[PDB]
Amino acid sequence: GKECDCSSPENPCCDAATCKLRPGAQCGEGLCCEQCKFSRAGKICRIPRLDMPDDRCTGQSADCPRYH
């Protein structure tokens, strides 16, 4: 139940007072979230350098986690 769906003290999609958003977009901040909306699936959110599967967003996630 995180009431903070964003972390920007100067964002329109999200109010810092309640660190939440206005029921118009999907997120206020995040790597897999652009235009206050989530990024499509397969969204590269991290790229190391060795030989491995680049980190891509599930398309429904707003930020990018860390697995593997």
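To match Swiss-Prot, the residue numbers of chain A are left as they are there, and the shown ones run 408-475.
Backbone N, Cα and C atoms are what each Cβ position is placed from, and that goes for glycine too.
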When you check Swiss-Prot, which of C420, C421, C426, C434 turns out to share a disulphide bond with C411?
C426
What is the disulfide partner of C443 among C413, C420, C471, as given in Swiss-Prot?
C420
Among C421, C440, find the residue that Swiss-Prot gives as the disulfide bond partner of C434.
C440
Using Cα coordinates, what distance in whole Å links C439 (disulfide bond) and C421 (disulfide bond)?
16
Distance check against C471 (disulfide bond) for the disulfide-bonded residues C411, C426, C440, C443, keeping those with Cα within 10 Å:
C440
Per DSSP, three-state class assigned to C464 (disulfide bond):
strand
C420 (disulfide bond): tally of other CB atoms within 10 A of its CB:
20
